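First, one chain by itself: the form deposited in one PDB entry, in structure tokens.
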């Protein structure tokens, strides 16, 4: 019979563009797998849910998935929405592979039904700190975050990494997500002669912060995690996007092996350049590899099979550890430009 698979992420809310990549990658993977014969004759069917990357809505979607009879879940997208949903899935015995959540706490609580194809912030954070200490070498640093699990976790990780080398972190503060007016922050950066800022958060706040800093002549160097590295960033920031540092996953769309999938996305007039297009495609490929190899429909047996044998996907040969995290998922550093393009630094 038809194998149903929930795909869960942001189809609405302020970071819906990340979700656009997720659903584009999932749809294409489900379509390619069915085109080659499915899972031993059976058809994969994606069932799409919108949690809006919001903790409360995520708990509502997870509850609905249990009630709908679905046993496998590619989601959720954000860390703050994925973690509370995983509590429900673990209790009900449902497989959950997150293509987007990078916060470490997800897979550090003994949950047996939980995996991910996204990286870890326990590696993205230290990658930023290393680059700050060794290449940028600023005199005076401020670290800002958006008071949510992903951004605040990365901001705290960069604070610790810098403080390990006794770098001058002048101050550490948060701003509320959805902020329009950053004039108070900018005034503090001028007062404290801050020449470098790490922002933990997503692209809507990064964009407006960059534009407003340059409008009054701040010469500050900014940096953020992969959550700011979006096509929207330079549209919001304008010329202030130039020089922006950001940690991102490898450019999977420039891998020759993925050129067939790039061409399929370009035929549907879709942007193939986003990291989570590929990381989500990979999560469907891992679920399909486990169903095919074992011939089983038990969530626990599918996870054990993946931890043991791995899977060959569009983001490389995947090798999970006992907790459900990928081993050897590396972030690189990129200089952003005003036209939305970027180059490795």
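Positions refer to the first chain, counted from 1.
Below: the form deposited in another entry, not depicted.
Rigid block check between this form and the one not shown (residue 163, residue 69)
In the two-part motion between this form and the one not shown, residue 163 and residue 69 are assigned to different rigid parts.
Where do residue 105 and residue 176 end up in the other form, Cα atoms closer or farther than shown, with a change of 3 Å or more?
Relative to the displayed form, residue 105 and residue 176 move farther apart in the other form - a change of at least 3 Å between their C-alphas.
Closer or farther: C-alpha pair residue 127/residue 310 in the other form, relative to this form, given a change of 3 Å or more
Compared with the form shown here, the C-alpha atoms of residue 127 and residue 310 sit closer together in the other form, by 3 Å or more.
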